[PDB]
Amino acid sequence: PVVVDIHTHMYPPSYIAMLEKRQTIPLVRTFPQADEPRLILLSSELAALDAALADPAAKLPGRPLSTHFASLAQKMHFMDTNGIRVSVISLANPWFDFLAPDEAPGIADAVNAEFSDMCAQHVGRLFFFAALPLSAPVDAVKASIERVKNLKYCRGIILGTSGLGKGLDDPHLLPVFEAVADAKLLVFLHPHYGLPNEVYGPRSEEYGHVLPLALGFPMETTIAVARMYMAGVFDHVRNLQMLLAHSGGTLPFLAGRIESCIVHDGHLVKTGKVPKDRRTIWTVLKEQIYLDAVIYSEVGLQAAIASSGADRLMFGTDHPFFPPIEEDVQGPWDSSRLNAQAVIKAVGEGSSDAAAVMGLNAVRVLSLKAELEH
C-alpha cells in the first residue's frame, strides 16, 4: 500500500523573496550571529523580534528558515528517507492573506503555476493544494478558482481562518465555498492566526513556541469550523468537502459539548434555530469533513477515528515545521514517525485501516489512483 502525506509545506523562492522584503509580520530577516535566516510568522514572535533588533545579545526571533522550505530536492529526499511515496504539498501560512487587493490575483496565479511545475518534476509522486487571493474582490477569487482547477496536479485549495477578512462564517464567502465545491476541490483548512497573545500570560516567552503552536493553532481551527457550522455553511453548501488540520484541532473532543450547548441554548431553541431535522455536527463529521492524522498520539487519533471514521482520516507530517533538534535534519524525522506510530498503535500494523489512513484514503478522495496505476 502507498503512503501519502497530505499535510506538507513549501515556500517557493519567489515567495521567500516577498517575505525578505516585508517590514511587518510575516517577514524573513537575517541576523549577523545566525547562519540561517529567521522566519517570523506569528503575532506571538513580535516581542522577541523587537528585542532582537534593539539588542544583539537577545535570542534569535521566530524560527530558522531552513533550506527545507524552498528546496524541492530536499522535499523528495525527506519523502524517500521517511517512507513516503506521494506528497500533496501546499503553500504554508500565511498564504496570500497579507497581499494588497490589486496585486493578489497576479501573484496567486504565478505561485500556483509554480507549484504545478514543481509537481511536474516528479510525475505521480507530487500533487498540490492551491492558495487563493482572498484579499481581492470575490470575482477575482472565483476566476482564480477556475484557473487552479485546470492546473495539472492540483487536487484542492488550502485556506486560513480569516476568509475575506471576517472569518469563515462571513456570508460573502459562501460563493467562494460554492465555486470550490462545484469544482470538486477539497478545501484544506489550516491555522495561522492563533489566539490573542494575552491568553498565554506574562511568562509566555519562557515556554518557546509551545503554547501558540500546541494550543493556539488547533483552537483557532476549532473556532473557525464551529463558526462555519453554526452559520449553516455545511447546509448551504451541501457538496462542500473539508480537510481539517491537526485532526480537526480539538473538534472530535468537543463535538458532544457543542451538541449539548446547542440543544440547551434557550435563545436558539426559542427562535427556531434548533429544528428536529437539524443535521448534527456528528453527521457533518461523517459526511463533509475529513481529518488529517497530525495528532501525535493514538489517543487523539482514536477520538478522530470515532468521529469521522477510519475512511476519513489522512496521514500527514507537517514537514518542514518540526525538524529534529539534535539529530540529522536529513535523516528520519521524529515528527513524522510519531504520527505513523499513532496509526499503528490505534488500528494495528498491516491492517486495512492502517493502509487507508496511511495513504489509501487520500488516493481515493483525491483521485491519485489513475496517476498511480499509470
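Residue numbers run from 1 along the displayed sequence.
Peer 1: Using the B-factors recorded in the PDB entry, average over the C-alpha atoms of 104-112 and of 86-94, then report which stretch comes out higher.
Peer 2: Per the PDB record, 104-112.
Peer 1: Please compare 345-353 with 40-48 and say which has the higher mean C-alpha temperature factor in the record.
Peer 2: Of 40-48 and 345-353, the stretch with the higher C-alpha B-factor average is 40-48.
Peer 1: Between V365, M10, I25, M358, let me know which has the highest C-alpha B-factor in the entry?
Peer 2: If I rank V365, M10, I25, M358 by C-alpha B-factor, first place goes to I25.
Peer 1: Between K270, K149, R257, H190, let me know which has the highest C-alpha B-factor in the entry?
Peer 2: Checking the PDB record, the top C-alpha B-factor among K270, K149, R257, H190 is at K270.
Peer 1: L313: which third of its chain by C-alpha temperature factor?
Peer 2: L313: CA B-factor falls in the lowest third of its chain.
Peer 1: Name the third of the chain's ranked CA B-factors that contains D169, choosing lowest, middle or highest.
Peer 2: As the PDB entry reports it, the C-alpha B-factor of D169 lands in the lowest third of its chain.
Peer 1: Sorting the chain's CA B-factors, does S204 end up in the lowest, middle or highest third?
Peer 2: Ranked within chain, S204 CA B lands in the highest tercile.
Peer 1: Going by what the PDB entry lists, where does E198 fall on CA B-factor within its chain: lowest, middle or highest third?
Peer 2: For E198, whose C-alpha B-factor we compare with every modelled residue in the chain, the answer is the middle third.
Peer 1: Taking only the Cα B-factors deposited for this chain, tell me whether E298 sits in the lowest, middle or highest third.
Peer 2: Middle third, going by the recorded CA B-factors of the chain.
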